[PDB]
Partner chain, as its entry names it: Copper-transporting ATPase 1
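Presented below, as structure tokens, is a lone chain in the form deposited without the partner chain.
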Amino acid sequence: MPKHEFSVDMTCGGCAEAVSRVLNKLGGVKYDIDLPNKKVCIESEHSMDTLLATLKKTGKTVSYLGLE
């Protein structure tokens, strides 16, 4: 199953919480948040568009670091 890696402008724990809330409301996702490195790793059959649009709902700078 595709593992997408994203960069999110998370400055503290409450940003990581904001990230989980939006990703939870999305559903169909297993996810991993690395706060010190400002990274979010997402196991999902969801398209990159959807994941990107979802993460951007937080109001924060989001970019795509790619896949594996």
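Residue numbers count along the first chain shown, from 1.
Just so you know, the form solved in complex with the partner chain exists too; it's not on screen, but the next bit is about it.
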property	result
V22: touches the partner chain in the deposited complex, heavy atom cutoff 4.5 angstroms	yes
is_contact(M48, the partner chain) in the deposited complex, heavy atom dist at most 4.5 Å	no
Contact test in the deposited complex: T58 vs the partner chain, heavy atoms, 4.5 Å	yes
4.5 Å heavy atom contact, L52 and the partner chain in the deposited complex	no
Contacts with the partner chain in the deposited complex - residues in 33-55 whose heavy atoms fall within 4.5 Å	none
